[PDB]
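Quick notes on the structure that follows.
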Amino acid sequence: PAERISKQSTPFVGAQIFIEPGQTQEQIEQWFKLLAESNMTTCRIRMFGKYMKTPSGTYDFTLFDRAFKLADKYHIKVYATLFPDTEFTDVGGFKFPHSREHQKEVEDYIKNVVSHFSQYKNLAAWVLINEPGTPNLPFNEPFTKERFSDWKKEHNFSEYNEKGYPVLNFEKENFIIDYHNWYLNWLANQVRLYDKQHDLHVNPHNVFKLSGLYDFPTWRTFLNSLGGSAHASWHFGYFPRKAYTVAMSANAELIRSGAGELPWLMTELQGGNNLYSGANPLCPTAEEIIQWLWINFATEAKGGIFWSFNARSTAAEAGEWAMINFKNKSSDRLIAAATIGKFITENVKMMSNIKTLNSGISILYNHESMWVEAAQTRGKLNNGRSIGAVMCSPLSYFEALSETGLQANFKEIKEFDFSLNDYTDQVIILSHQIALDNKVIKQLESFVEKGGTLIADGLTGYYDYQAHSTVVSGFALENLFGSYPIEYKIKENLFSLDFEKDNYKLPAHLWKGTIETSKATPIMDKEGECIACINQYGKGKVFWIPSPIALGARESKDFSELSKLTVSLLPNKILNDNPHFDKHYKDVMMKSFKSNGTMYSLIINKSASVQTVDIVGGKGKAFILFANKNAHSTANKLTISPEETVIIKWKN
Amino acid sequence: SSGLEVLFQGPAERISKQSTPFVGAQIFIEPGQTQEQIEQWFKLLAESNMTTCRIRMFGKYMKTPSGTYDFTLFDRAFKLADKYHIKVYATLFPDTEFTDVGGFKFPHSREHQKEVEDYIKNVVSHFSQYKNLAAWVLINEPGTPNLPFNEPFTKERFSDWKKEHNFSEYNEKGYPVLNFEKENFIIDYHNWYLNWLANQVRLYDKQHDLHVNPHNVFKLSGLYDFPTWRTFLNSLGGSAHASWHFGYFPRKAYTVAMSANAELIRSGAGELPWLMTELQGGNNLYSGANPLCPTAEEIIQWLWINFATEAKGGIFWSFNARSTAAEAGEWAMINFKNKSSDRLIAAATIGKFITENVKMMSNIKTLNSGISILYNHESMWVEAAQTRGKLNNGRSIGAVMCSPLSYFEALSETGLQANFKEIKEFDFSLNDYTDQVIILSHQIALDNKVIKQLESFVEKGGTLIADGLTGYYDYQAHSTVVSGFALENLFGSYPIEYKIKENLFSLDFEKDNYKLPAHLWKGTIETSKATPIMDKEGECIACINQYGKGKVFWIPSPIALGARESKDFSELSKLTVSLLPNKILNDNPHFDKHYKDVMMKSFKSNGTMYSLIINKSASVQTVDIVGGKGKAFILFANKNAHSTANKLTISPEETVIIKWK
Amino acid sequence: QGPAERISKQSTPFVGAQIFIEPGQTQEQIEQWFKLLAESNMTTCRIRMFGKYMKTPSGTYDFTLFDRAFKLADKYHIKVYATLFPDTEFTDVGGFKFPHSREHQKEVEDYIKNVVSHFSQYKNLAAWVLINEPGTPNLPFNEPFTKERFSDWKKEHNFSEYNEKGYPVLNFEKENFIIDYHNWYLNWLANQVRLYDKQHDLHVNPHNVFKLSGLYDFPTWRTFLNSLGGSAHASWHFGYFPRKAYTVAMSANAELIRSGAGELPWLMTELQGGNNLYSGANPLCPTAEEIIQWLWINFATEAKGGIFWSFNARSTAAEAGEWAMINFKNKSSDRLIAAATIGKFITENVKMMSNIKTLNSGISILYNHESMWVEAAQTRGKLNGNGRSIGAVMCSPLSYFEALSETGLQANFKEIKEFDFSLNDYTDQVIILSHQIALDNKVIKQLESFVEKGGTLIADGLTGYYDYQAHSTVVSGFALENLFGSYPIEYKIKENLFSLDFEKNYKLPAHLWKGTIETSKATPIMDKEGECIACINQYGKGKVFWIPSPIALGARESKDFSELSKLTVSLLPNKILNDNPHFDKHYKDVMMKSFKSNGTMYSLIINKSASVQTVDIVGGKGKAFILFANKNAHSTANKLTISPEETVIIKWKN
Ligand SMILES: OC[C@@H]1[C@@H](O)[C@H](O)[C@H](O)c2nccn21
Ligand SMILES: OC[C@@H]1[C@@H](O)[C@H](O)[C@H](O)c2nccn21
Ligand SMILES: OC[C@@H]1[C@@H](O)[C@H](O)[C@H](O)c2nccn21
Ligand SMILES: [Cl-]
Ligand SMILES: [Cl-]
Ligand SMILES: [Cl-]
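Chains as they are written, first to last, in the authors' numbering: chain BBB, 30 to 411, 413 to 682; chain AAA, 20 to 411, 413 to 681; chain CCC, 28 to 531, 533 to 682.
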């Protein structure tokens, strides 16, 4: 009898309801009443073990009963997060058991909480753990140390590869993937001992840094939905604030890819102000709240839940993050969120059946490029010679395509389907993916042979998965690229690649690559060096430019040339069938989606000026369905104000 | 006690609020110095109108191989001081590593405590017999940013303290709390060790004054319970070194830094006399955080600021230099030929002025405007928990002290005195607070008890000015802004939101096109009983509550930090003056308008009023002095200042004393 | 006696490169490297004799991987410098600097026995490198072998906490132990090799010398070496310089090693041959022009070789595909083409190139270990760049060195114990002591003797403020009063950059501290503020110029060496300016150094400015003939027109 989320569910707007001792019945009722009046249907509650434990060690559920009963009274469904006892100062929760004894305390917590709260008819989902993964993994603790020792003994690694060269085996990184898989699957199995009825959910976080911890295809085996925390103040450090549209779109695409056939939703969005908390503190504008909800729904999200409706009262984040003001009335952020909840109720059929319009462009990242980069840059936090270049590179291509109004997937390489017979009009972008193995190179050969277009820039494929450079021993991509690297020469943080005949002046970052072509067509620069090539490989094509041009775009804060070059390489079908911009627009984004056979476009202007965007491609005439600052169109030229969000319905 | 403490006092001087102030210097004594070198120092010190020296009684340089005490090195120095009629402040400094410049702050172990007992017995029993001993300094510079929680003595003391205190993880209403056990222990631990050192000295000498020099006060004030220290001291001192302690200020505002440091120590002293135990006397080569060599002009500025703030002395670190490793040939007032620098010549003019003006200089009482800028330990502790030790700025350690120092600077540039006091040092027991003003600037932690004291203060005619996140938290880091605002009654209003902005933004008021620099966070409120003040966006950003006979001005944006970030205190000056009771502006000499980089402070001696004026601007200034009564007579000026009818013409870096006739 | 030539000061210099040998490489790849190395006019390679790649499971030594490389070297007539490199973690790029334990010392004994006994039999072995890059900033005081050695050393030394006069002192036990510990381990490695091979040269490569010179006792090392080497990598070792002054850095590094070598020949064991991808502190890819500059600077400073790290690249993890002179197709980069031109020049000019003697101007810039140790105690490890940071006691003398380079004057760069203070006459000799903050009574007596016998002494900054125990005689009774004929009065801290304006009309940039003095016998020099800021003392036949403000660090901070150049030239004996070719005036970003071979004088000129320069050369005798120029330089009389990044050799004809 519990409702099960699906790809046909009506999306919801929701908020964390922060429950701690000291709150009154009257305060909590005020929150649920305003939450229901704000067109929110869902809340999330942290089921703190600390606030159910009695002196004698029995479980007292009264604090959480009070909240579940008020949610039920106001017809609000609950996402219940399993959060066992931990220090009051531990804001995010522990990520693994400390010890075998602690594992047994967690077993007991799950037994007690799931057996009790599974009986409430307004329970919508169990969140297995808050925010799996951390930059500070507990290798000091006995539980983790023992698990890592056992894992190493069950794996058979050599210090040399088949040809006899030294290798790195990345035991720690490969263990951490398996360790997350094990603990999340164990938590799922524990819940399922007591409740087989309710959805299981989890919220990976800080995905542009922690994606190397996460094996989403394995997690699909035990989840009913994938979530995510995407907080502007913690997770978007690689972007300026005016590009948090791009950051949220990439974060949504990354989760959507991880989810595969499962529905996804954004478990945490920033609902309010940073006083002392956050790395990049802000108070989201009402305009930002609208931008984030639409970007997520346009990327197939089945929900957006804000951290938080109400604030914590003591120490860390006291009076921070809240959508309500200190009088428990609506901020401009809650008023904005309420307009989106209202829009959904008035447009149920459209909003329940959203499918992202895939351009056929996939930007791929792999765990192994991140792991090899961490070994080579020895943890430096400065450019290409720092942690993060292997994620900033593909995010920069993502930004360039967003400013061209083109959708792009953002996927771990294992989430891409390499099993099809035809890849005509499909495109893969491998931007500074410095580690590729023989198995993945065979998949890319098959993809291109069957009509795929491959774009590769930066140090893509310089190393294999053992940090062995085939560029030195015998280049594994020679066959596919129809060419061979000659040299990298370090330059300044920003330099220009000036193509022969002035066809392009591409900003580039740090390293200039030169190559020698065999089967590929060489592209020369004005200094007479070969800096790029195009290989015809079976029915498909490869464009290779071994200088970092996506990081060059990032460093110059100018994506226009990267946009123009990328558009010139795209199959005609992509530009004919997908609405996009007639040219590059700085600080504008568009993404299109379909619902029940009708096409829609989402447009957001993040520039300081009114913009007239000329939309070309696909079919139909613009009908403005949503526009929070009175945008207007003349033919398919959209006039859109700073910070405005527009939804166009494409008619016949 | 009066006739009894006079029989204890014996032939030793007892410092008092009527003592003649002195100028003095550290005499640095270490092995290898010759009789002839040491005599040269005392002779020049006496000829420079200095009457006092301070000597570090190094345990290291008295300990013999067998463990007995040899006093010869210090006897030689005390005898030469006595020959030249120089009195000695003797610092208790037990044996420690040669590389430990400042000295240990607590015993390392029970065994170490017994070595310290033995040191005190030997040194006090011997040197108490010299007729030129003026004071015992119980410990050099109590307190440190790096407290030794790793060491067994401190670890055990903290364990015992926690067992004797009963803290709950929840408050009366049931909310989670922080108890700040570490910070509350550290207060009690400093109180305990200093009181124990006093008790040890008093076993062997009940005649001589006990003294101590708290240091780096804008950072370490959260370690110091001055009202408790009054129980066992005869005088409070201080180290105020331009190169270590004034990092929150540029050099051109070290006048303001020294005035604030003097006001902070004066407040801590209460009924006890105070003096500045350490002022910077010379050059930083490799030492110091903000290195300098004080100008002759800075030496004169610092001595007058301290005396105008009731100091009974100024002692310079140092007359002569250390010779080996850390600070070798640094900090000295004498040059490498053992002759006067321009700093010693300048200090000598102040010693000479005192001898020619004894009655005036012995009876200085600061002219209290009635403005008190209040800080509390708990705001500093809560800030340290919330900013997780970040070291920039409102989101960093130090905002809770920089905010009140900014108000202090704004008032200095208006020529108005202000007290700078820990909230426990403020007298909340009076029946009438008409024409008194309290400024609570970003004092983020206030408890129910202190809010009741503020309600009483305002009800009885007090004016309360509150800016920044004042009262956002209680003493357990619980925000009543979230649970039910404890200042709603007093403020007649309730916070609505904080929204983070840039480091510097403008508050643009609805009326008069009026603009205030603000830092980092914009506060909005809803008024009940208070009168709202709106901004151009139609949000309420401030209010005035009329509460009994007094008033409250509340602006929950940081406008003092806004003034600091913009490097412009003029608007904060104008706003504060507009909120002051008329009596303050009528009775106190002040500037007719704000003067950037000028300061004035007034004081009284035997019924005559005086003003101290210092110009730190790059230009000659004509300052129009208004308020109080009398005609300007220039008593002191080091660059030929002149007045025409209370308009003073004062040169860059000049220090002026006006006598009001 | 066996087949290998023994290096000497008359050896023909060579160009060479590291050949990086690891498992996985094919016979065909390795042959391609040696063939191209021989075709590039290189005669020498260096090979890291990795213990890891000779150790078998059972603990026996299998030499096959290295035999293959030695046999291909021999086939192409390439001689080998073999570096002793015992087993260590794959991630340990540089190698361990001392044994970890007594048990580890025995494994190293066994490694040396096996490797030296076997490879000593190859006729193309030229040298044993005793250890790669002795010295580290992070000495292993935590490990049992080092801990025990330091305990024993302290028990055998008897230090007092007070000096003779009774003042407290520092004794720098750690620093003094580290000198003796390097001396001991290198001498022990030499003795171990000599158990099995008395025939081949022993070599070692000190590194990062502007930071690690305080670890190195070169005069002791001469007792067990046949040659001194050095690693001088633009991406690791030249942090104190901008890239446009790596000419000055390499010349100073060469002078420092040349001084250390004394009567031994020296060569540069490691020069940067290629690109930094992820490695290096100051990453670059050397230009062809930089390769030519570095080889000529070293040869002009008496180097008997330049070996590049590396010919070919490592393949896995740290430095994979980095540092290589060949490209990823195993063909010549523009760096290898440039190096080949120098190897070809040597073969066509053997008699000249085999007999190079640097033309000593008579100027010696002196540094001492003790100034570096005292600075480390006083700055408590601060890294803020300036006088109040680690490195000022080396940056100060390097700044004087740069000022003299831009005047076209040679200068020695020597540890004070490497200077010969035993001569009877120092007429027309000059010593520069720039911010050498620690001097003891023994060295002051040597300086008194030097000046008395006709020497000129230039002292700036805090020179002589402290003695070797960090005790300031400036405070207790100034030990240099007699020599300087004057006494310090005050130091007053100022801004990072201020001006010293003489009453008569030098305006010298100065850094951080202004010193004032009182003269007795010396002639005072007053500034425009009426303060005495410097003096000239006539002492016996010589003179002293003392300016206790840091004017070399002032030049560095202002990026302007012109005033320091003009002042220094005005103080030099006439004979130096008459007998040595130099520039008629200061030239920013140009350098010249002169040398002699078999009675003929030559000059090396390099232009590092952005523009073509016409340099007027004066002093010495003869007419300029351009022997080498890589960008078509020309001379008219003795005015050389030289392009940006060009290296020129002039032969002086008369
Ligand atoms: O920091 C604000 C909130 C936290 O209070 C909470 O643990 C939540 O899960 C979360 N993830 C990232 C940020 N946040
Ligand atoms: O640093 C100069 C002097 C010290 O030598 C001495 O210990 C003195 O107590 C002090 N407090 C702050 C600075 N100083
Ligand atoms: O870093 C490049 C090379 C190293 O691979 C090698 O160990 C060599 O000894 C060396 N010294 C300094 C730099 N280098
Ligand atoms: Cl939660
Ligand atoms: Cl003292
Ligand atoms: Cl080697």
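Don't be surprised by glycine CBs; every beta carbon is placed ideally from N, CA and C.
Unbroken alpha helix (DSSP H) run spanning residue i, endpoints
i	result
AAA:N141	129-146
BBB:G408	Neither: BBB:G408 is in no alpha helix (DSSP H) and is coded neither H nor E.
AAA:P246	245-248
CCC:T483	Segment 483-487 is the beta strand (DSSP E) holding CCC:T483; no alpha helix (DSSP H) there.
AAA:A288	273-288
BBB:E508	508-511
Span of the beta strand (DSSP E), counted from its first residue to its last, around residue i
i	result
BBB:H230	228-230
residue 705 of chain CCC	Nothing about residue 705 of chain CCC can be reported from this structure: the residues present for chain CCC run from 28 to 682 only.
AAA:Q641	641-646
AAA:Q566	560-567
Inter-residue CB distance, residue i and residue j (contact presumed, cutoff 8 Å)
i	j	result
AAA:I369	AAA:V676	Going by Cβ atoms, the distance from AAA:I369 to AAA:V676 rounds to 14 Å, so no, they are not a contact pair.
AAA:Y80	AAA:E58	So it is not a contact: roughly 19 Å between Cβ atoms.
BBB:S391	BBB:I458	5 Å
Amino acids of chain AAA, ordered along the chain, whose beta-carbon sits closer than 8 Å to that of residue i
i	result
BBB:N302	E517, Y518, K519, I520
Sub-8 Å separation of residue i and residue j beta-carbons
i	j	result
AAA:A100	AAA:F61	yes
BBB:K616	BBB:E433	yes
AAA:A365	AAA:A327	no
AAA:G266	AAA:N302	no
BBB:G287	BBB:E55	no
BBB:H234	BBB:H209	no
CCC:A44	CCC:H104	no
Neighbouring residues, chain CCC, relative to residue i (Cβ below 7 Å)
i	result
AAA:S342	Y194, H498, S499, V502, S503
Within chain BBB, partners of residue i - CB distance below 8 Å
i	result
CCC:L311	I520
CCC:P50	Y189, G193, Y194, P195
Residue i beta carbon near ligand 7 (any heavy atom closer than 7 Å)
i	result
BBB:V156	Ligand 7 is not part of the structure shown, which contains ligand 1, ligand 2, ligand 3, ligand 4, ligand 5 and ligand 6 as its ligands.
Residue list, Cβ distance to ligand 4 heavy atoms smaller than 5 Å: BBB:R75, BBB:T110, BBB:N159
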